[PDB]
$ cat my_file_17.cif   # mmCIF, N, CA and C atoms and all ligand atoms
data_my_file
loop_
_atom_site.label_atom_id
_atom_site.label_comp_id
_atom_site.auth_asym_id
_atom_site.auth_seq_id
_atom_site.Cartn_x
_atom_site.Cartn_y
_atom_site.Cartn_z
N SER A 7 122.53 -126.99 -3.30
CA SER A 7 122.96 -125.65 -3.64
C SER A 7 124.38 -125.41 -3.15
N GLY A 8 125.00 -124.39 -3.67
CA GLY A 8 126.30 -123.92 -3.21
C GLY A 8 127.07 -123.27 -4.32
N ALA A 9 128.03 -122.41 -3.97
CA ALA A 9 128.86 -121.71 -4.93
C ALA A 9 130.29 -121.64 -4.43
N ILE A 10 131.16 -121.30 -5.33
CA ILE A 10 132.55 -120.90 -5.02
C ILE A 10 132.61 -119.40 -5.18
N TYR A 11 133.28 -118.72 -4.25
CA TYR A 11 133.46 -117.25 -4.30
C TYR A 11 134.95 -116.96 -4.33
N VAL A 12 135.49 -116.69 -5.49
CA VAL A 12 136.94 -116.43 -5.70
C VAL A 12 137.07 -115.05 -6.35
N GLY A 13 137.86 -114.17 -5.73
CA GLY A 13 137.93 -112.78 -6.19
C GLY A 13 136.51 -112.19 -6.33
N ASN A 14 136.26 -111.65 -7.51
CA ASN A 14 134.97 -111.02 -7.91
C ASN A 14 134.24 -111.94 -8.90
N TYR A 15 134.39 -113.26 -8.68
CA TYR A 15 133.64 -114.30 -9.41
C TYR A 15 132.82 -115.12 -8.42
N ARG A 16 131.66 -115.57 -8.92
CA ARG A 16 130.78 -116.53 -8.25
C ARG A 16 130.64 -117.70 -9.21
N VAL A 17 131.03 -118.89 -8.77
CA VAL A 17 130.99 -120.12 -9.61
C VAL A 17 129.87 -121.00 -9.09
N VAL A 18 128.93 -121.33 -9.96
CA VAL A 18 127.76 -122.12 -9.61
C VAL A 18 127.52 -123.19 -10.65
N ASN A 19 126.74 -124.17 -10.27
CA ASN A 19 126.24 -125.10 -11.29
C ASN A 19 125.40 -124.32 -12.29
N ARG A 20 125.66 -124.50 -13.57
CA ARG A 20 124.88 -123.77 -14.61
C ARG A 20 123.39 -123.99 -14.40
N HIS A 21 122.98 -125.21 -14.06
CA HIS A 21 121.54 -125.53 -13.96
C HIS A 21 120.91 -124.85 -12.76
N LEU A 22 121.66 -124.30 -11.84
CA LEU A 22 121.16 -123.59 -10.64
C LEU A 22 121.39 -122.09 -10.73
N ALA A 23 121.96 -121.60 -11.81
CA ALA A 23 122.24 -120.16 -11.95
C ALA A 23 120.94 -119.36 -11.88
N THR A 24 120.99 -118.24 -11.25
CA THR A 24 119.82 -117.36 -11.10
C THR A 24 119.73 -116.37 -12.25
N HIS A 25 118.59 -115.64 -12.32
CA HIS A 25 118.51 -114.54 -13.30
C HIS A 25 119.66 -113.55 -13.05
N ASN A 26 119.94 -113.21 -11.79
CA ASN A 26 121.03 -112.26 -11.50
C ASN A 26 122.38 -112.79 -12.00
N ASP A 27 122.60 -114.12 -11.87
CA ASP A 27 123.83 -114.72 -12.45
C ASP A 27 123.92 -114.46 -13.95
N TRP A 28 122.84 -114.79 -14.67
CA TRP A 28 122.80 -114.64 -16.13
C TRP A 28 122.91 -113.16 -16.51
N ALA A 29 122.39 -112.24 -15.69
CA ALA A 29 122.43 -110.78 -15.98
C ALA A 29 123.83 -110.21 -15.70
N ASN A 30 124.71 -111.00 -15.08
CA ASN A 30 126.06 -110.58 -14.66
C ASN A 30 127.01 -111.67 -15.15
N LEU A 31 126.78 -112.21 -16.32
CA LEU A 31 127.47 -113.42 -16.79
C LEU A 31 128.93 -113.09 -17.09
N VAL A 32 129.85 -113.96 -16.67
CA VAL A 32 131.27 -113.92 -17.13
C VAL A 32 131.50 -115.02 -18.16
N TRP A 33 131.07 -116.23 -17.85
CA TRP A 33 131.38 -117.41 -18.68
C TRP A 33 130.41 -118.52 -18.30
N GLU A 34 130.00 -119.29 -19.27
CA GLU A 34 129.18 -120.46 -18.94
C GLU A 34 129.45 -121.56 -19.95
N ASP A 35 129.33 -122.80 -19.52
CA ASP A 35 129.57 -123.96 -20.40
C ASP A 35 128.59 -125.06 -20.01
N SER A 36 127.58 -125.35 -20.82
CA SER A 36 126.56 -126.36 -20.52
C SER A 36 127.22 -127.74 -20.42
N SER A 37 128.21 -128.00 -21.26
CA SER A 37 128.85 -129.34 -21.27
C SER A 37 129.51 -129.62 -19.92
N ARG A 38 129.91 -128.59 -19.19
CA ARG A 38 130.60 -128.72 -17.86
C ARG A 38 129.63 -128.48 -16.71
N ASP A 39 128.39 -128.07 -16.97
CA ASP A 39 127.45 -127.63 -15.91
C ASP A 39 128.04 -126.51 -15.06
N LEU A 40 128.75 -125.55 -15.68
CA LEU A 40 129.31 -124.43 -14.90
C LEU A 40 128.85 -123.09 -15.44
N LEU A 41 128.70 -122.16 -14.53
CA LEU A 41 128.45 -120.76 -14.86
C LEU A 41 129.17 -119.92 -13.84
N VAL A 42 129.77 -118.87 -14.36
CA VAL A 42 130.48 -117.88 -13.51
C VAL A 42 129.84 -116.52 -13.75
N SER A 43 129.50 -115.86 -12.68
CA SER A 43 128.97 -114.47 -12.70
C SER A 43 129.94 -113.56 -11.94
N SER A 44 129.73 -112.26 -12.06
CA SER A 44 130.57 -111.22 -11.41
C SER A 44 129.94 -110.84 -10.08
N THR A 45 130.76 -110.49 -9.10
CA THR A 45 130.30 -110.13 -7.73
C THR A 45 130.79 -108.71 -7.37
N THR A 46 130.12 -108.07 -6.43
CA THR A 46 130.55 -106.73 -5.94
C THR A 46 131.62 -106.95 -4.86
N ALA A 47 131.40 -107.87 -3.91
CA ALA A 47 132.32 -108.19 -2.80
C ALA A 47 133.30 -109.30 -3.20
N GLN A 48 134.53 -109.26 -2.66
CA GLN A 48 135.56 -110.33 -2.78
C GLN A 48 135.20 -111.56 -1.94
N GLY A 49 135.49 -112.76 -2.48
CA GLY A 49 135.11 -114.03 -1.84
C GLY A 49 136.25 -114.66 -1.04
N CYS A 50 135.91 -115.63 -0.17
CA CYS A 50 136.81 -116.27 0.83
C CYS A 50 137.60 -117.44 0.21
N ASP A 51 137.27 -117.91 -1.00
CA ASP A 51 137.82 -119.21 -1.50
C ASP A 51 139.08 -119.05 -2.35
N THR A 52 139.96 -120.05 -2.23
CA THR A 52 141.17 -120.26 -3.03
C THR A 52 140.93 -121.49 -3.90
N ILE A 53 141.21 -121.36 -5.19
CA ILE A 53 141.11 -122.49 -6.12
C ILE A 53 142.40 -123.30 -6.06
N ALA A 54 142.25 -124.61 -6.00
CA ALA A 54 143.36 -125.56 -6.06
C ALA A 54 143.97 -125.45 -7.46
N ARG A 55 145.30 -125.57 -7.55
CA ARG A 55 146.03 -125.66 -8.83
C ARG A 55 146.93 -126.87 -8.68
N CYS A 56 146.51 -128.00 -9.17
CA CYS A 56 147.09 -129.29 -8.78
C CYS A 56 146.43 -130.39 -9.56
N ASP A 57 146.96 -131.62 -9.45
CA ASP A 57 146.29 -132.84 -9.96
C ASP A 57 146.02 -133.81 -8.80
N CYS A 58 145.65 -133.33 -7.63
CA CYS A 58 145.20 -134.21 -6.53
C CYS A 58 144.04 -135.08 -7.02
N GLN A 59 144.01 -136.28 -6.44
CA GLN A 59 142.90 -137.22 -6.61
C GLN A 59 142.42 -137.69 -5.25
N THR A 60 142.73 -136.95 -4.20
CA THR A 60 142.07 -137.18 -2.91
C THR A 60 141.66 -135.84 -2.33
N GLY A 61 140.53 -135.85 -1.64
CA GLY A 61 140.04 -134.60 -1.06
C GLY A 61 138.83 -134.92 -0.20
N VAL A 62 138.08 -133.90 0.10
CA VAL A 62 136.92 -133.98 1.01
C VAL A 62 135.81 -133.19 0.35
N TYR A 63 134.59 -133.73 0.33
CA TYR A 63 133.45 -132.99 -0.25
C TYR A 63 132.32 -132.88 0.75
N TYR A 64 131.55 -131.83 0.60
CA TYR A 64 130.34 -131.64 1.42
C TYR A 64 129.10 -132.21 0.73
N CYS A 65 128.40 -133.03 1.51
CA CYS A 65 127.16 -133.71 1.11
C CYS A 65 126.00 -133.16 1.92
N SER A 66 125.23 -132.24 1.35
CA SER A 66 124.11 -131.62 2.10
C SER A 66 123.06 -132.64 2.54
N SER A 67 122.83 -133.65 1.77
CA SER A 67 121.77 -134.67 2.05
C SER A 67 122.25 -135.61 3.16
N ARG A 68 123.43 -135.39 3.74
CA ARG A 68 123.93 -136.12 4.92
C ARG A 68 124.38 -135.17 5.98
N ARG A 69 124.36 -133.88 5.71
CA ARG A 69 125.01 -132.92 6.60
C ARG A 69 126.39 -133.42 7.01
N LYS A 70 127.21 -133.83 6.04
CA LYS A 70 128.53 -134.41 6.36
C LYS A 70 129.53 -134.10 5.26
N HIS A 71 130.77 -133.95 5.67
CA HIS A 71 131.92 -133.89 4.76
C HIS A 71 132.52 -135.27 4.69
N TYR A 72 132.77 -135.80 3.52
CA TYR A 72 133.34 -137.13 3.32
C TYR A 72 134.69 -137.04 2.63
N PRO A 73 135.68 -137.79 3.10
CA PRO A 73 136.94 -137.90 2.36
C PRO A 73 136.73 -138.89 1.23
N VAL A 74 137.24 -138.55 0.06
CA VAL A 74 137.08 -139.38 -1.14
C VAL A 74 138.36 -139.36 -1.96
N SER A 75 138.50 -140.45 -2.69
CA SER A 75 139.39 -140.53 -3.86
C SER A 75 138.53 -140.29 -5.09
N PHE A 76 139.03 -139.53 -6.05
CA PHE A 76 138.24 -139.18 -7.25
C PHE A 76 139.11 -139.28 -8.48
N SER A 77 138.41 -139.53 -9.58
CA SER A 77 139.08 -139.66 -10.90
C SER A 77 139.45 -138.28 -11.44
N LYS A 78 140.43 -138.22 -12.35
CA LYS A 78 140.85 -136.97 -13.03
C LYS A 78 139.70 -136.54 -13.94
N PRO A 79 139.59 -135.21 -14.19
CA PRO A 79 138.50 -134.66 -14.99
C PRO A 79 138.45 -135.33 -16.36
N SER A 80 137.27 -135.83 -16.73
CA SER A 80 137.06 -136.60 -17.99
C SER A 80 135.70 -136.29 -18.60
N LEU A 81 135.46 -136.88 -19.77
CA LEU A 81 134.17 -136.79 -20.44
C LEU A 81 133.44 -138.03 -19.95
N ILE A 82 132.32 -137.85 -19.30
CA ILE A 82 131.58 -138.96 -18.69
C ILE A 82 130.18 -138.89 -19.27
N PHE A 83 129.78 -139.99 -19.86
CA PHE A 83 128.42 -140.03 -20.40
C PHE A 83 127.53 -140.14 -19.17
N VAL A 84 126.84 -139.06 -18.87
CA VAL A 84 125.98 -139.01 -17.67
C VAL A 84 124.57 -139.29 -18.12
N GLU A 85 123.88 -140.11 -17.35
CA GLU A 85 122.48 -140.46 -17.61
C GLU A 85 121.69 -139.19 -17.34
N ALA A 86 120.57 -139.02 -18.06
CA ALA A 86 119.69 -137.85 -17.80
C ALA A 86 119.26 -137.76 -16.30
N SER A 87 119.06 -136.56 -15.78
CA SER A 87 118.76 -136.40 -14.33
C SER A 87 117.53 -135.51 -14.10
N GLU A 88 117.27 -135.25 -12.81
CA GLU A 88 116.15 -134.38 -12.32
C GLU A 88 116.24 -133.02 -13.02
N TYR A 89 117.46 -132.66 -13.44
CA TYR A 89 117.81 -131.35 -14.04
C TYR A 89 118.48 -131.47 -15.41
N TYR A 90 118.94 -132.65 -15.83
CA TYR A 90 119.52 -132.84 -17.19
C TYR A 90 119.07 -134.18 -17.75
N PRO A 91 119.06 -134.28 -19.10
CA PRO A 91 118.74 -135.56 -19.75
C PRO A 91 119.97 -136.45 -19.57
N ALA A 92 119.90 -137.71 -20.00
CA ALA A 92 121.10 -138.54 -20.24
C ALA A 92 121.99 -137.81 -21.24
N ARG A 93 123.27 -137.59 -20.94
CA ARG A 93 124.17 -136.88 -21.88
C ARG A 93 125.61 -137.03 -21.41
N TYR A 94 126.56 -136.64 -22.25
CA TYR A 94 127.98 -136.53 -21.89
C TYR A 94 128.20 -135.19 -21.20
N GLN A 95 128.95 -135.22 -20.10
CA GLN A 95 129.38 -134.01 -19.37
C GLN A 95 130.90 -134.03 -19.34
N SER A 96 131.57 -132.93 -19.62
CA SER A 96 133.03 -132.79 -19.68
C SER A 96 133.55 -132.29 -18.34
N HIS A 97 134.85 -132.41 -18.18
CA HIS A 97 135.61 -131.94 -16.99
C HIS A 97 134.98 -132.48 -15.69
N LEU A 98 134.50 -133.69 -15.74
CA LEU A 98 133.82 -134.30 -14.60
C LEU A 98 134.75 -135.29 -13.88
N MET A 99 134.73 -135.29 -12.56
CA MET A 99 135.51 -136.23 -11.69
C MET A 99 134.55 -137.05 -10.91
N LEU A 100 134.81 -138.37 -10.81
CA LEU A 100 133.88 -139.25 -10.10
C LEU A 100 134.51 -139.81 -8.83
N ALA A 101 133.69 -140.01 -7.83
CA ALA A 101 134.03 -140.72 -6.60
C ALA A 101 132.89 -141.62 -6.19
N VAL A 102 133.22 -142.59 -5.35
CA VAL A 102 132.19 -143.40 -4.69
C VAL A 102 131.64 -142.62 -3.51
N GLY A 103 130.35 -142.37 -3.52
CA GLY A 103 129.75 -141.56 -2.46
C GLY A 103 128.32 -141.19 -2.78
N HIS A 104 127.72 -140.53 -1.82
CA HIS A 104 126.30 -140.16 -1.91
C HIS A 104 126.13 -138.77 -2.53
N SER A 105 125.20 -138.65 -3.46
CA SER A 105 124.89 -137.39 -4.14
C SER A 105 123.45 -137.46 -4.63
N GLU A 106 122.65 -136.54 -4.17
CA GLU A 106 121.28 -136.27 -4.67
C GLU A 106 121.26 -134.93 -5.39
N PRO A 107 120.23 -134.59 -6.19
CA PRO A 107 120.28 -133.34 -6.95
C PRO A 107 120.59 -132.09 -6.12
N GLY A 108 119.99 -131.95 -4.95
CA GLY A 108 120.18 -130.76 -4.15
C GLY A 108 121.58 -130.70 -3.52
N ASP A 109 122.35 -131.79 -3.61
CA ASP A 109 123.76 -131.75 -3.17
C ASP A 109 124.61 -130.96 -4.14
N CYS A 110 124.13 -130.64 -5.33
CA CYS A 110 124.91 -129.87 -6.30
C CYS A 110 125.34 -128.58 -5.65
N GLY A 111 126.59 -128.21 -5.89
CA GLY A 111 127.17 -126.98 -5.33
C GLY A 111 128.03 -127.23 -4.12
N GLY A 112 127.96 -128.41 -3.50
CA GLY A 112 128.86 -128.76 -2.40
C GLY A 112 130.31 -128.73 -2.86
N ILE A 113 131.19 -128.18 -2.05
CA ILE A 113 132.61 -128.05 -2.42
C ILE A 113 133.32 -129.38 -2.21
N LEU A 114 134.19 -129.67 -3.17
CA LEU A 114 135.27 -130.70 -3.07
C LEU A 114 136.55 -129.89 -2.87
N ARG A 115 137.31 -130.21 -1.84
CA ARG A 115 138.57 -129.51 -1.54
C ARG A 115 139.69 -130.49 -1.31
N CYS A 116 140.89 -130.07 -1.67
CA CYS A 116 142.13 -130.82 -1.39
C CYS A 116 143.01 -129.91 -0.56
N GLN A 117 144.24 -130.37 -0.31
CA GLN A 117 145.22 -129.57 0.43
C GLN A 117 145.52 -128.24 -0.27
N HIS A 118 145.27 -128.08 -1.55
CA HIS A 118 145.57 -126.82 -2.26
C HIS A 118 144.39 -125.84 -2.32
N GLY A 119 143.19 -126.22 -1.88
CA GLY A 119 141.97 -125.39 -1.97
C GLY A 119 140.82 -126.10 -2.65
N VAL A 120 139.97 -125.30 -3.29
CA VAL A 120 138.72 -125.80 -3.88
C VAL A 120 139.02 -126.46 -5.21
N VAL A 121 138.65 -127.70 -5.38
CA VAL A 121 138.84 -128.50 -6.60
C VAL A 121 137.68 -128.33 -7.55
N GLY A 122 136.46 -128.33 -7.01
CA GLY A 122 135.25 -128.31 -7.82
C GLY A 122 134.03 -128.37 -6.97
N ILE A 123 132.89 -128.53 -7.62
CA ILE A 123 131.60 -128.58 -6.91
C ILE A 123 130.83 -129.83 -7.38
N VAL A 124 130.01 -130.34 -6.49
CA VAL A 124 129.13 -131.47 -6.83
C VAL A 124 128.28 -131.06 -8.01
N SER A 125 128.18 -131.93 -9.00
CA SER A 125 127.41 -131.70 -10.24
C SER A 125 126.52 -132.88 -10.61
N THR A 126 126.86 -134.12 -10.23
CA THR A 126 126.06 -135.30 -10.65
C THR A 126 125.96 -136.27 -9.48
N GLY A 127 125.01 -137.19 -9.60
CA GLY A 127 124.89 -138.24 -8.59
C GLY A 127 124.10 -139.40 -9.14
N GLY A 128 124.00 -140.47 -8.36
CA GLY A 128 123.30 -141.72 -8.72
C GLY A 128 124.22 -142.93 -8.76
N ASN A 129 123.62 -144.12 -8.65
CA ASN A 129 124.33 -145.42 -8.72
C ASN A 129 125.50 -145.40 -7.75
N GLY A 130 125.34 -144.74 -6.61
CA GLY A 130 126.36 -144.78 -5.55
C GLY A 130 127.60 -143.98 -5.89
N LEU A 131 127.54 -143.10 -6.89
CA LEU A 131 128.67 -142.26 -7.30
C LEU A 131 128.28 -140.79 -7.13
N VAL A 132 129.30 -139.97 -6.98
CA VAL A 132 129.16 -138.50 -6.95
C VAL A 132 130.08 -138.01 -8.03
N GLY A 133 129.64 -137.03 -8.82
CA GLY A 133 130.47 -136.39 -9.81
C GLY A 133 130.66 -134.93 -9.44
N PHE A 134 131.84 -134.44 -9.70
CA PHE A 134 132.23 -133.05 -9.38
C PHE A 134 132.71 -132.38 -10.64
N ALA A 135 132.21 -131.16 -10.84
CA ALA A 135 132.68 -130.32 -11.95
C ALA A 135 134.00 -129.67 -11.52
N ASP A 136 135.08 -129.97 -12.25
CA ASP A 136 136.40 -129.44 -11.94
C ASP A 136 136.43 -127.94 -12.23
N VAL A 137 137.16 -127.20 -11.44
CA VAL A 137 137.44 -125.77 -11.74
C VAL A 137 138.94 -125.48 -11.78
N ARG A 138 139.78 -126.50 -11.52
CA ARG A 138 141.21 -126.22 -11.39
C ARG A 138 141.86 -125.80 -12.72
N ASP A 139 141.24 -126.10 -13.83
CA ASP A 139 141.80 -125.67 -15.14
C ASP A 139 141.34 -124.25 -15.47
N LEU A 140 140.49 -123.60 -14.68
CA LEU A 140 139.98 -122.24 -15.01
C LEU A 140 140.90 -121.27 -14.34
N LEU A 141 142.07 -121.10 -14.99
CA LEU A 141 143.17 -120.34 -14.40
C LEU A 141 142.82 -118.87 -14.28
N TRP A 142 141.93 -118.39 -15.16
CA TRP A 142 141.53 -116.96 -15.17
C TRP A 142 140.73 -116.59 -13.93
N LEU A 143 140.21 -117.56 -13.17
CA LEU A 143 139.45 -117.24 -11.94
C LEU A 143 140.35 -116.51 -10.92
N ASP A 144 141.67 -116.72 -11.03
CA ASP A 144 142.67 -116.26 -10.03
C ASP A 144 143.05 -114.80 -10.26
N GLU A 145 142.59 -114.16 -11.35
CA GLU A 145 142.98 -112.77 -11.72
C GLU A 145 141.80 -111.97 -12.29
N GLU A 146 142.00 -110.65 -12.45
CA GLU A 146 141.11 -109.75 -13.24
C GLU A 146 139.66 -109.92 -12.78
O1 LIG B 1 126.57 -144.07 -13.23
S1 LIG B 1 126.53 -142.86 -13.97
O2 LIG B 1 125.22 -142.33 -14.23
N1 LIG B 1 127.35 -143.08 -15.34
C1 LIG B 1 128.61 -143.83 -15.47
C2 LIG B 1 129.70 -143.11 -14.81
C3 LIG B 1 130.97 -143.68 -15.43
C4 LIG B 1 130.58 -144.19 -16.80
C5 LIG B 1 129.08 -143.97 -16.91
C6 LIG B 1 127.48 -141.54 -13.05
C7 LIG B 1 127.60 -140.17 -13.73
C8 LIG B 1 128.31 -139.19 -12.82
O3 LIG B 1 127.60 -139.02 -11.56
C9 LIG B 1 127.48 -140.22 -10.95
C10 LIG B 1 126.70 -141.18 -11.79
ZN ZN B 2 145.38 -130.43 -4.63
#
$ encode --input "my_file_17.cif" --output "structure tokens" --more "lines below"
Ligand SMILES: O=S(=O)(NC1CCCC1)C1CCOCC1
Ligand SMILES: [Zn+2]
Amino acid sequence: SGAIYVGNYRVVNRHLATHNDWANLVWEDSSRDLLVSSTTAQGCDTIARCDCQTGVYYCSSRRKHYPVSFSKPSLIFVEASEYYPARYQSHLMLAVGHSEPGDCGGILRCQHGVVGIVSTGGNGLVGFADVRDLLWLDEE
């Protein structure tokens, strides 16, 4: 589990969105595994605006933050999972590292702020859903 809280937005994995998220929907994209809902309180997070390929992510199934190198956001044919079938997922970044389903929502951060959240795992890789292209999160 986990979310990003930027302004009056809450960014979560689409597959973990709650009824309250869907009842307060701003934007959602199944291909990216992302959903954004509206919040009453302002959040603590800054979104990275950059093309970094190094950062640190939180792995709940290790209670640890790991430094990683990761690929630029791409279309990755992802095998079906505990929460999704085998399919292509867009705006996905991969690193070598540990990821189980409940690790979804862990933040990946670089020197500029939050890059994305854990979205996929398996075969010794972790995938992160990028948010750095969602420029509208920074306003309104
Ligand atoms: O091993 S995967 O399932 N698929 C391969 C990844 C690159 C090309 C296909 C990978 C999907 C993202 O999360 C980590 C697992
Ligand atoms: Zn950066």
$ closest_atom_pairs --input "my_file_17.cif" --of "chain A" --to "ligand ZN 2 (chain B)" --cutoff "6 Å" --atoms "all atoms listed in the file" --output "tab-separated table"
residue	atom	partner	partner_atom	distance
A:54	CA	B:ZN2	ZN	5.5
A:55	C	B:ZN2	ZN	5.6
A:56	CA	B:ZN2	ZN	4.6
A:57	N	B:ZN2	ZN	5.2
A:58	N	B:ZN2	ZN	4.2
A:116	CA	B:ZN2	ZN	4.6
A:117	N	B:ZN2	ZN	4.5
A:118	N	B:ZN2	ZN	3.9
A:119	N	B:ZN2	ZN	5.5
$ closest_residue --input "my_file_17.cif" --among "A:23, A:50, A:101, A:140" --to "residue 11 (chain A)" --atoms "only N, CA and C atoms"
A:50
$ residues_near_ligand --input "my_file_17.cif" --ligand "ligand LIG 1 (chain B)" --cutoff "7 Å" --atoms "all atoms listed in the file" --output "short mmCIF file (atom, residue, chain, number, x, y, z; two decimals) with N, CA and C atoms, keeping the file's coordinate frame"
data_model
loop_
_atom_site.label_atom_id
_atom_site.label_comp_id
_atom_site.auth_asym_id
_atom_site.auth_seq_id
_atom_site.Cartn_x
_atom_site.Cartn_y
_atom_site.Cartn_z
N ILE A 82 132.32 -137.85 -19.30
CA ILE A 82 131.58 -138.96 -18.69
C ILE A 82 130.18 -138.89 -19.27
N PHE A 83 129.78 -139.99 -19.86
CA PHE A 83 128.42 -140.03 -20.40
C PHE A 83 127.53 -140.14 -19.17
N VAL A 84 126.84 -139.06 -18.87
CA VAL A 84 125.98 -139.01 -17.67
C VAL A 84 124.57 -139.29 -18.12
N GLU A 85 123.88 -140.11 -17.35
CA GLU A 85 122.48 -140.46 -17.61
C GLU A 85 121.69 -139.19 -17.34
N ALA A 86 120.57 -139.02 -18.06
CA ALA A 86 119.69 -137.85 -17.80
C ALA A 86 119.26 -137.76 -16.30
N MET A 99 134.73 -135.29 -12.56
CA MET A 99 135.51 -136.23 -11.69
C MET A 99 134.55 -137.05 -10.91
N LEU A 100 134.81 -138.37 -10.81
CA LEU A 100 133.88 -139.25 -10.10
C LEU A 100 134.51 -139.81 -8.83
N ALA A 101 133.69 -140.01 -7.83
CA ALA A 101 134.03 -140.72 -6.60
C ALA A 101 132.89 -141.62 -6.19
N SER A 125 128.18 -131.93 -9.00
CA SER A 125 127.41 -131.70 -10.24
C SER A 125 126.52 -132.88 -10.61
N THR A 126 126.86 -134.12 -10.23
CA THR A 126 126.06 -135.30 -10.65
C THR A 126 125.96 -136.27 -9.48
N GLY A 127 125.01 -137.19 -9.60
CA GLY A 127 124.89 -138.24 -8.59
C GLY A 127 124.10 -139.40 -9.14
N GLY A 128 124.00 -140.47 -8.36
CA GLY A 128 123.30 -141.72 -8.72
C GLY A 128 124.22 -142.93 -8.76
N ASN A 129 123.62 -144.12 -8.65
CA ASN A 129 124.33 -145.42 -8.72
C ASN A 129 125.50 -145.40 -7.75
N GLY A 130 125.34 -144.74 -6.61
CA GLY A 130 126.36 -144.78 -5.55
C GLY A 130 127.60 -143.98 -5.89
N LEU A 131 127.54 -143.10 -6.89
CA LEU A 131 128.67 -142.26 -7.30
C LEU A 131 128.28 -140.79 -7.13
N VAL A 132 129.30 -139.97 -6.98
CA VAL A 132 129.16 -138.50 -6.95
C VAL A 132 130.08 -138.01 -8.03
N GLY A 133 129.64 -137.03 -8.82
CA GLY A 133 130.47 -136.39 -9.81
C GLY A 133 130.66 -134.93 -9.44
N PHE A 134 131.84 -134.44 -9.70
CA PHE A 134 132.23 -133.05 -9.38
C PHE A 134 132.71 -132.38 -10.64
#
$ residues_near_point --input "my_file_17.cif" --point "(133.3, -131.5, -23.7)" --cutoff "9 Å" --atoms "only C-alpha atoms" --output "JSON, numbers by chain"
{"A": [37, 38, 80, 81, 94, 95, 96, 97]}
$ closest_residue --input "my_file_17.cif" --among "A:91, A:33, A:43, A:104" --to "residue 68 (chain A)" --atoms "only N, CA and C atoms"
A:104
$ closest_residue --input "my_file_17.cif" --among "A:120, A:113, A:41, A:65" --to "residue 21 (chain A)" --atoms "only C-alpha atoms"
A:41
$ atom_distance --input "my_file_17.cif" --atom1 "CA of residue 36 (chain A)" --atom2 "CA of residue 9 (chain A)"
16.4 Å
$ closest_residue --input "my_file_17.cif" --among "A:90, A:144, A:103, A:70" --to "residue 53 (chain A)" --atoms "only N, CA and C atoms"
A:144
$ atom_distance --input "my_file_17.cif" --atom1 "CA of residue 49 (chain A)" --atom2 "CA of residue 69 (chain A)"
23.0 Å
$ closest_residue --input "my_file_17.cif" --among "A:29, A:143, A:105, A:115" --to "residue 12 (chain A)" --atoms "all atoms listed in the file"
A:143
$ select_by_dssp --input "my_file_17.cif" --residues "chain A" --states "strand (DSSP E)" --output "NGL selection string"
:A and (10-12 or 15-19 or 31-35 or 40-44 or 60-65 or 70-75 or 80-84 or 93-102 or 113-116 or 119-128 or 131-136)
$ closest_residue --input "my_file_17.cif" --among "A:77, A:14, A:26, A:7" --to "residue 108 (chain A)" --atoms "only N, CA and C atoms"
A:7
$ residues_around --input "my_file_17.cif" --residues "residue 40 (chain A)" --least-positions-apart "3" --cutoff "5 Å" --atoms "only N, CA and C atoms" --output "number ranges by chain"
A: 18-20, 34-35
$ select_by_dssp --input "my_file_17.cif" --residues "chain A" --states "helix (DSSP H, G or I)" --output "PyMOL selection string"
chain A and resi 20-22+25-29+36-38+66-68+107-109+141-144
$ write_last_selection --input "my_file_17.cif" --atoms "N, CA and C atoms" --output "short mmCIF file (atom, residue, chain, number, x, y, z; two decimals), in the frame of the given file"
data_model
loop_
_atom_site.label_atom_id
_atom_site.label_comp_id
_atom_site.auth_asym_id
_atom_site.auth_seq_id
_atom_site.Cartn_x
_atom_site.Cartn_y
_atom_site.Cartn_z
N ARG A 20 125.66 -124.50 -13.57
CA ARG A 20 124.88 -123.77 -14.61
C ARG A 20 123.39 -123.99 -14.40
N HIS A 21 122.98 -125.21 -14.06
CA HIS A 21 121.54 -125.53 -13.96
C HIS A 21 120.91 -124.85 -12.76
N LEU A 22 121.66 -124.30 -11.84
CA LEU A 22 121.16 -123.59 -10.64
C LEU A 22 121.39 -122.09 -10.73
N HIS A 25 118.59 -115.64 -12.32
CA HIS A 25 118.51 -114.54 -13.30
C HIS A 25 119.66 -113.55 -13.05
N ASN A 26 119.94 -113.21 -11.79
CA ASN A 26 121.03 -112.26 -11.50
C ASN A 26 122.38 -112.79 -12.00
N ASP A 27 122.60 -114.12 -11.87
CA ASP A 27 123.83 -114.72 -12.45
C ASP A 27 123.92 -114.46 -13.95
N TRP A 28 122.84 -114.79 -14.67
CA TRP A 28 122.80 -114.64 -16.13
C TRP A 28 122.91 -113.16 -16.51
N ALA A 29 122.39 -112.24 -15.69
CA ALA A 29 122.43 -110.78 -15.98
C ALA A 29 123.83 -110.21 -15.70
N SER A 36 127.58 -125.35 -20.82
CA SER A 36 126.56 -126.36 -20.52
C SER A 36 127.22 -127.74 -20.42
N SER A 37 128.21 -128.00 -21.26
CA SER A 37 128.85 -129.34 -21.27
C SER A 37 129.51 -129.62 -19.92
N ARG A 38 129.91 -128.59 -19.19
CA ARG A 38 130.60 -128.72 -17.86
C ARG A 38 129.63 -128.48 -16.71
N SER A 66 125.23 -132.24 1.35
CA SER A 66 124.11 -131.62 2.10
C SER A 66 123.06 -132.64 2.54
N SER A 67 122.83 -133.65 1.77
CA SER A 67 121.77 -134.67 2.05
C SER A 67 122.25 -135.61 3.16
N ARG A 68 123.43 -135.39 3.74
CA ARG A 68 123.93 -136.12 4.92
C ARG A 68 124.38 -135.17 5.98
N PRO A 107 120.23 -134.59 -6.19
CA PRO A 107 120.28 -133.34 -6.95
C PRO A 107 120.59 -132.09 -6.12
N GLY A 108 119.99 -131.95 -4.95
CA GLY A 108 120.18 -130.76 -4.15
C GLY A 108 121.58 -130.70 -3.52
N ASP A 109 122.35 -131.79 -3.61
CA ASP A 109 123.76 -131.75 -3.17
C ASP A 109 124.61 -130.96 -4.14
N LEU A 141 142.07 -121.10 -14.99
CA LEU A 141 143.17 -120.34 -14.40
C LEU A 141 142.82 -118.87 -14.28
N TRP A 142 141.93 -118.39 -15.16
CA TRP A 142 141.53 -116.96 -15.17
C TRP A 142 140.73 -116.59 -13.93
N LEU A 143 140.21 -117.56 -13.17
CA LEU A 143 139.45 -117.24 -11.94
C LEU A 143 140.35 -116.51 -10.92
N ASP A 144 141.67 -116.72 -11.03
CA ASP A 144 142.67 -116.26 -10.03
C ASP A 144 143.05 -114.80 -10.26
#
